[PDB]
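Here's the structure we're looking at; comments come further down.
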Amino acid sequence: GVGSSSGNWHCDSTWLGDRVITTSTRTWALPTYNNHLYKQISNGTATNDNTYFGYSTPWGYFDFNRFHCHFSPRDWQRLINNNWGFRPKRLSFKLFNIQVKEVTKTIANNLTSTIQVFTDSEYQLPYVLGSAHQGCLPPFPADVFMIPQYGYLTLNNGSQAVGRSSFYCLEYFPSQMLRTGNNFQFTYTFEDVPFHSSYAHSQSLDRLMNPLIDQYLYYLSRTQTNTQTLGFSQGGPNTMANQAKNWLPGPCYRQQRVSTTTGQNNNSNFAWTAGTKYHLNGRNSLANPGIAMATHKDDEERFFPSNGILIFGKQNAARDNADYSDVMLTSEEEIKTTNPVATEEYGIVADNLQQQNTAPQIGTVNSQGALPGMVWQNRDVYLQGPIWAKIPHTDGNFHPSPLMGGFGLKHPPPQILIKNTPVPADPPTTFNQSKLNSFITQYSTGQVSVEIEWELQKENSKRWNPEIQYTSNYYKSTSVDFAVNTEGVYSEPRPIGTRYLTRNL
Amino acid sequence: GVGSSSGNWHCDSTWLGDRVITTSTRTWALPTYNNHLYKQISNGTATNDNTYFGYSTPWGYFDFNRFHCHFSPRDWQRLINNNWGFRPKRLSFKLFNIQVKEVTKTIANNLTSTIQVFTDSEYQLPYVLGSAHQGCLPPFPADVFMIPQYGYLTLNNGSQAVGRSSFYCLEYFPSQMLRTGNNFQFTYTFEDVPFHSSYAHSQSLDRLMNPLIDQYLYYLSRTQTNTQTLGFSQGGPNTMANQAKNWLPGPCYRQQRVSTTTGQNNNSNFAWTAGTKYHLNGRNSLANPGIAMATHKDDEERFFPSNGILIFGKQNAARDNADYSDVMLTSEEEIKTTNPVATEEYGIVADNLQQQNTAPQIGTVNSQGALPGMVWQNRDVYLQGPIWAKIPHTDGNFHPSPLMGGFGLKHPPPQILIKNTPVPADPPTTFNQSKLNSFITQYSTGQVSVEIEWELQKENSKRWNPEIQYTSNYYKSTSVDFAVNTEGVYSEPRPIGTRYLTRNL
Amino acid sequence: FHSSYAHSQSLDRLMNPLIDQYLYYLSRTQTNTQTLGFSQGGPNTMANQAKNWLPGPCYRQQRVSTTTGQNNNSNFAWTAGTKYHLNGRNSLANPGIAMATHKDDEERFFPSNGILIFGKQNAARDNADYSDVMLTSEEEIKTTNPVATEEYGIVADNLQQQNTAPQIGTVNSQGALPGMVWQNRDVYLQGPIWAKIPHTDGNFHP
Amino acid sequence: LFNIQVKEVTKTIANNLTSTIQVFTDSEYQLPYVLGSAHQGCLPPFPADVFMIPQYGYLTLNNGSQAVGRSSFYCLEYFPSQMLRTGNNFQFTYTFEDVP
């Protein structure tokens, strides 16, 4: 009905046992995108690394692939201070209280106008969620947000398409059409995904041994008396670097080190030239943030990999060339215990065969793929960070955990595509075969509810001393952190990670 | 209800066994035609060949008599690369989400206004579908189309009607009246129609014999030793043109040959004067495209019958005098194996009785009606081409397959007539017997869904070598074929036929 | 199931081309004096965008042109061949791991021992000419697998300071990394169907 | 088909008892139908007459002496065939359609 609400506001979080159910409602506004048209979009030689061919669609899409879309900062604190892990279990999504409005400036209700909503439940469309794009549900529930426009990329050769390039018409899908009295809803069940490691290791991989007992294994301790010899010693509490060990640190893809103290950096523009990159079809792309490696080693917080960390912008940070004070650098220092430092070499290997005439030579391993016995931690998730990514449908993957963090899903939450149904203006009174291009200017607004049930891994720890916990600062300040200022602007002052509790290795 | 949708968007194709169910939804706009009037329309001596008498009606009509209204190009590829034949089985049609809008310029909803919809299920109206008219559902689902105005022709003598001329009032039919909350739907079952031959013959009609064995039948091989004689030879692998055969090529109605290389054409305007025509009631009409004949013989792709092929226009092709580069010529070369070439003679017959004093004379058969033992193929259907035509209700027909291709139906899908119900403006406060001519300016828009179930004839072939398949070009291009360009214009770059798989004769 | 398909998307082009990322990347280190400028990855800086996945592993092969004049005038099929070493024995990594045969517009190039080569009918057993053999191409996996004759990527080789300019290392061999995805080699009508996985303690993607 | 004898010729002719013939009917009409072209090789009119079986060949689309892309090649070994040794027989039944 026109005069009856099609749904209620549901913003809440219920903690019950090993589950937390976050539900969040937001008010959205969907404009008409592209003037109801599908437009081919391209970029040519811009450098070759940035070329693309794709399509802009008249459809919007709903994104809730950030943790702050579901967790309030206090709820995030509850989660990270008390749980060793968490994972999504199921979600329910609702669209309701839809209002389609005609603008001629006067804005009027168009009671008979529709919106079209469908979920790509078969994953037949290019999945553009999981690319850390803007347009997600705002962290602050009172915030009204604009629905982002759906577009996708296909195969390109410069600015040109190839024969394998795919064009998708989203009208070629079954869509529910909704008038102002209608509502849309669907439920989704997450696949069995591993718990995110919401903990930092309280032991280092090279310090898993008893510090009081010698090893019964020997290591080559000396090769020279001086003349050649072979001296063997037992690894013990003092020669702990020489001890036989069962495991290796995770893989390494070395990144350039950048200091937040700019005077310590090289006086050159090396963000791209020295950037750590991968090469794909003659195109260079940053390995950003790349594989999960420790941001820095001990007492080197000022250093970060050049493109090896998630960088969030503070409120009102510039899109381009934001200063360091306008951005929020994350740090994966919690995984120092298992993952190699992002800006350091993995290790040292022999580069030759030493003889009595040739001294042994060593090679510095700046990139190390998977080795047996290697263990590693994934990148941390953040309150502002992504939740899930679609695992690409390929023959093979290795540890398909998304590199910007979160849960890798073969069948992620489906894309929810929404569009204002075009309403033609008055057509001519004589028939014209040409497609109509005169449309009533129109936009829709409504409420969107997303409810996610998360399973929790409770910490079962015998640690005696108190743990590190995320806490708000006790000292006075002009404004409350994670609140609005005097102008009503909600801001997130820092990126809250997830690893505060500790586990043994 | 005003605020509730009366139907959902259903664009899809489901392939299940020997069936494919295409469903397509489009947004339409229906203006007020003729100012709600029936107008007599005529054309006099214009030449006598183009005279007509008929009526323009205030009604629109829904047309989905083109294959691209139902098949996406990829679906068409699936159909033609894998099936020897197909035919429609049933259809369901839906009108829903109707919005009637008042324009005064401001456009407002007229919630209490109606549209009138009825199907000519008894075929009591002149059937104007199956004349390859514009106004069908657009090939691209995102495209909003204008509903064509319904008009018809009756008997004429020049610009005058005769006593047998029929006038039809479409208001004299029962129509469903629909407000914004109403929807219209009907189902239709296709009669048992033959499968369209979605194949080309891999054998020629004159090459059906074993190429290793002689015939036991003899043919007159020589009449002269020189003196008269009678020499008879057995048809064999080398005298294959002389062999006794069981079948004849299909009928011929010879068309003038035109070269796409214009320099090879006669320097004259002969499109009409040399056009292949039929004569009906003193009126000349092109036999266009005429009976199904092969467009050209081997290695003569540049040649086409002057009015013997379907010619589709490229996107934005001019209505009049479009250049050859702006049109898409079809080719029926696949039926060379059974049908005579459209621009060649059917064969040679004797024109006299040879004697010792009169040499035998031969006549060139440029028009050949049905002969016993004759076999032929119908014209191919195209993605852009028509699907069905109504077989005229006559005492006799011969092979009632529509000449522009498709399925001949005695009871085709009924015409769906739609009209905005006239809404008078304020009448005078004193009675006037005259019909009201002051109407509220009004148009309607809505969604139309047509679902057609097609039965498939699966290819059961023992051919060893790979078949010819319709494929997109692998090489790079500025735009994807059968996609939108940078301006949002959907285009069909070529006419996709249907005959790619092969069968023996 | 064997992947009887080619990807219509590239691994580095999985993002929405209309929306900026909310993540920032280090966009400039120099104003000139040192500085730290950060930009949001968007439709134009698509190479800089944060991404979830990496191309499959690489074991770089030497590039050979079917246009022989573009090749080095030497006999390098074995000397420059991409090989593995086992018990003091050198064997070609032939055809090696599944990598794209060539990048865009480089069909004439193939890895020296990185593709399946079938012989045409009556091709000589030894020293068959290029016209007597049928080169396969794994160009369909360009979207996910690195090109067989190109480097996997670039890594840092040192620690840059105000006195030492940053140095980069070219990764010509890259083992499995987390987040890496790849396609297997295509099968062919003339090609093998199955192989026995060797009975070993460990294998990676057998 | 019955009383099949497969004979080896080396001139001496000997029985090859273990040799087979392959027989199949194109019951689905998937092969080019070369019967009905008034060819020689039919069963002789006189029952006492011993006849040679004609060789099967077929024609496909041609452009002069060249094939076209639509030309079909058929391998008759690509059909299920009954293999018959000297002790085996082959038989099938067929029903004519309603013909005038």
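Cβ sites come from the backbone with ideal geometry, for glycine too, and all protein chains shown count toward neighbours. Bear in mind these aren't lab numbers, they're just calculated from the coordinates by the rules spelled out.
Given the conditions (1) of a type outside the set (D, E, K, R); (2) touching an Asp or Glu at 6+ places or on another chain (Cβ under 8 Å); (3) surrounded by 14 or more Cβ atoms within 10 Å (Cβ to Cβ); (4) more than 8 Å from every other protein chain (Cβ to nearest Cβ), report the number of the one that D:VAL23 does not fulfil.
(2) is the only condition that D:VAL23 fails.
Can you name the residue in region A:398-433 that is at the interface with another protein chain (Cβ under 8 Å from one of its Cβ atoms) and among the aromatic types (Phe, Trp, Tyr) and is also nearest to B:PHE96 (Cα to Cα) among such residues?
Here the answer is A:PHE431.
Listed here are the residues, each with its yes/no results for (1) part of a loop (DSSP other than H, G, I, E, B); (2) surrounded by 19 or more Cβ atoms within 10 Å (Cβ to Cβ); (3) within 14 Å of chain A (Cβ to nearest Cβ).
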site	(1), (2), (3)
C:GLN9	yes, yes, yes
C:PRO17	yes, yes, yes
C:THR29	no, yes, yes
C:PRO43	yes, yes, yes
C:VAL64	no, yes, no
C:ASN75	yes, no, no
C:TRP78	yes, no, no
C:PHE110	no, yes, no
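Look through region A:270-283, keep the residues that are more than 21 Å from the chain's Cα centre (by Cα) and of a type outside the set (A, V, I, L, M, F, W, C), and return whichever of them is farthest from C:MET99 (Cα to Cα).
The selected residue is A:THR273.
Please go through region B:469-502 and give me each residue that is of a type in the set (A, V, I, L, M, F, W, C), at the interface with another protein chain (Cβ under 7 Å from one of its Cβ atoms) and either farther than 17 Å from A:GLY163 by Cα or not in a loop (DSSP other than H, G, I, E, B) (or both), ordered by number.
Matches in region B:469-502: B:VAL484 only.
Any idea which of (1) closer than 20 Å to A:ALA287 by Cβ; (2) part of a loop (DSSP other than H, G, I, E, B) is the one C:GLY169 doesn't satisfy?
(2)
Among the numbered conditions (1) more than 7 Å from chain C (Cβ to nearest Cβ); (2) of a type in the set (A, V, I, L, M); (3) touching a helix residue (DSSP H, G or I) at 6+ places or on another chain (Cβ under 8 Å), tell me where A:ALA292 comes up short.
(1)
Please state which one of B:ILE387, B:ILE362, B:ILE440 is among the hydrophobic types (A, V, I, L, M, F, W, C) and either under 34 Å from the mean Cα position of the chain (by Cα) or loosely packed, with under 11 Cβ neighbours inside 10 Å (or both). Don't jump to the end; show me each part of the working.
Values: B:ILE362 fails: either under 34 Å from the mean Cα position of the chain (by Cα) or loosely packed, with under 11 Cβ neighbours inside 10 Å (or both); B:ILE440 fails: either under 34 Å from the mean Cα position of the chain (by Cα) or loosely packed, with under 11 Cβ neighbours inside 10 Å (or both).
Testing whether each residue is among the hydrophobic types (A, V, I, L, M, F, W, C) and either under 34 Å from the mean Cα position of the chain (by Cα) or loosely packed, with under 11 Cβ neighbours inside 10 Å (or both) leaves just B:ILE387.
Looking at (1) surrounded by fewer than 22 Cβ atoms within 10 Å (Cβ to Cβ); (2) facing another protein chain (nearest Cβ under 7 Å); (3) closer than 24 Å to A:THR119 by Cα, find the lone condition where A:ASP395 falls short.
Single failed check for A:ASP395: (3).
Show the residue pairs that are 6+ apart or on different chains and have beta-carbon atoms under 7 Å apart, the first residue being within region B:459-471 and crowded, with 17+ Cβ neighbours inside 10 Å, the second being of a type in the set (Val, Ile, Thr) and in a loop (DSSP other than H, G, I, E, B).
B:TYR470/B:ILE496
Is it true that some residue in region A:324-343 is at positive phi and either at the interface with chain C (Cβ under 9 Å from one of its Cβ atoms) or outside any helix (DSSP H, G or I) (or both)? Explain how you work it out, then say what you get.
Filtering region A:324-343 down to residues at positive phi leaves none.
No, region A:324-343 contains no residue that is at positive phi and either at the interface with chain C (Cβ under 9 Å from one of its Cβ atoms) or outside any helix (DSSP H, G or I) (or both).
Kindly indicate the residue of region A:45-56 that is under 14 Å from A:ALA161 (Cα atoms) and within 7 Å of chain C (Cβ to nearest Cβ) and also surrounded by the fewest Cβ atoms within 10 Å (Cβ to Cβ) among those meeting that condition.
Out of the qualifying residues, it is A:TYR52.
Mind listing just one residue for me: the one in region C:141-180 that is within 24 Å of C:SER8 (Cα to Cα) and β-branched (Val, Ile, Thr) and, of those, farthest from the other protein chains (Cβ to nearest Cβ)?
C:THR149
Tally up the residues in region B:333-348 that are more than 27 Å from B:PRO495 (Cα to Cα) and surrounded by 11 or more Cβ atoms within 10 Å (Cβ to Cβ), please.
Going residue by residue through region B:333-348, those that are more than 27 Å from B:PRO495 (Cα to Cα) are B:345-348.
Still in the list and also surrounded by 11 or more Cβ atoms within 10 Å (Cβ to Cβ): B:345-347.
So the count comes out to 3.
Restricting to region A:204-261, name every residue that is outside any loop (DSSP other than H, G, I, E, B) and either in contact with a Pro (Cβ under 7 Å, 6 or more places away or on another chain) or basic (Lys, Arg) (or both).
From region A:204-261, those outside any loop (DSSP other than H, G, I, E, B) are A:205-207, A:218-224, A:228-234, A:248-249, A:252-253, A:257-259; that's our starting set.
Those that are outside any loop (DSSP other than H, G, I, E, B) and either in contact with a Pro (Cβ under 7 Å, 6 or more places away or on another chain) or basic (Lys, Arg) (or both): A:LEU205, A:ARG207, A:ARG222, A:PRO249, A:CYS252, A:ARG257.
Consider region B:300-323. How many of its residues are assigned to a strand (DSSP E or B) and within 20 Å of the chain's Cα centre (by Cα)? Break it down stepwise before answering.
Step one: list which residues in region B:300-323 are assigned to a strand (DSSP E or B), which gives B:303-305, B:311-313.
With within 20 Å of the chain's Cα centre (by Cα) added as a condition, the list becomes B:304-305, B:311-313.
Qualifying residue count, region B:300-323: 5.
Can you tell me how many residues in region C:80-99 are under 22 Å from C:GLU151 (Cβ atoms) and either surrounded by 10 or more Cβ atoms within 10 Å (Cβ to Cβ) or of a type in the set (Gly, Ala, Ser) (or both)?
Taking region C:80-99 and keeping what is under 22 Å from C:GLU151 (Cβ atoms), we get C:80-85, C:92-99.
Now narrow it down to the ones that are either surrounded by 10 or more Cβ atoms within 10 Å (Cβ to Cβ) or of a type in the set (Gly, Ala, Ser) (or both): C:80-84, C:92-99.
Matching residues across region C:80-99 total 13.
Kindly list the number of the only condition in (1) surrounded by fewer than 17 Cβ atoms within 10 Å (Cβ to Cβ); (2) within 14 Å of chain B (Cβ to nearest Cβ); (3) of a type in the set (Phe, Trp, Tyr) that fails for A:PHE184.
(1)
Is at least one residue of region B:71-87 more than 23 Å from the chain's Cα centre (by Cα) and within 27 Å of A:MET177 (Cβ to Cβ)?
As a first pass, look at region B:71-87 and keep what is more than 23 Å from the chain's Cα centre (by Cα): none.
No, because not a single residue in region B:71-87 is more than 23 Å from the chain's Cα centre (by Cα) and within 27 Å of A:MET177 (Cβ to Cβ).
Restricting attention to region B:403-424, which residues are outside any loop (DSSP other than H, G, I, E, B), crowded, with 22+ Cβ neighbours inside 10 Å and either in contact with a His (Cβ under 9 Å, 6 or more places away or on another chain) or of a type in the set (S, T, N, Q) (or both)?
Within region B:403-424, B:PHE407, B:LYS419, B:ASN420 qualify.
Count, please, the residues in region B:472-497 that happen to be among the hydrophobic types (A, V, I, L, M, F, W, C), farther than 25 Å from B:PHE195 by Cβ and either touching a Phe, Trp or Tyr at 6+ places or on another chain (Cβ under 6 Å) or surrounded by fewer than 20 Cβ atoms within 10 Å (Cβ to Cβ) (or both).
Applying the first criterion (among the hydrophobic types (A, V, I, L, M, F, W, C)) to region B:472-497 yields B:480, B:482-484, B:489, B:496.
Next, from what is left, pick out any that are farther than 25 Å from B:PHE195 by Cβ: B:480, B:482-484, B:489.
If we keep only those that are either touching a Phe, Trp or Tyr at 6+ places or on another chain (Cβ under 6 Å) or surrounded by fewer than 20 Cβ atoms within 10 Å (Cβ to Cβ) (or both) too, we end up with B:480, B:483-484, B:489.
Number satisfying all stated conditions: 4.
Looking at the structure I just gave you, is B:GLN447 assigned to a loop (DSSP other than H, G, I, E, B), closer than 23 Å to B:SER13 by Cα and within 14 Å of another protein chain (Cβ to nearest Cβ)?
Numbers: assigned to a loop (DSSP other than H, G, I, E, B): no; closer than 23 Å to B:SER13 by Cα: yes; within 14 Å of another protein chain (Cβ to nearest Cβ): yes.
Criteria not met by B:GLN447.
Report yes if some residue within region A:264-273 is under 30 Å from A:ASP49 (Cα atoms), within 14 Å of chain C (Cβ to nearest Cβ) and exposed (fewer than 15 other Cβ atoms within 10 Å of the Cβ); otherwise report no.
Just the residues of region A:264-273 that are under 30 Å from A:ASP49 (Cα atoms), to begin with: A:264-273.
Applying the additional criterion that residues be within 14 Å of chain C (Cβ to nearest Cβ) yields A:264-273.
Next, only the ones that are exposed (fewer than 15 other Cβ atoms within 10 Å of the Cβ) stay: A:273.
Yes, some residue in region A:264-273 is under 30 Å from A:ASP49 (Cα atoms), within 14 Å of chain C (Cβ to nearest Cβ) and exposed (fewer than 15 other Cβ atoms within 10 Å of the Cβ).
Being touching a strand residue (DSSP E or B) at 6+ places or on another chain (Cβ under 6 Å) and surrounded by 13 or more Cβ atoms within 10 Å (Cβ to Cβ) is the filter here, so list the residues in region B:214-243 that pass it.
B:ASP214, B:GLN215, B:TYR218, B:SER221, B:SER233, B:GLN234, B:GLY235, B:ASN242, B:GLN243
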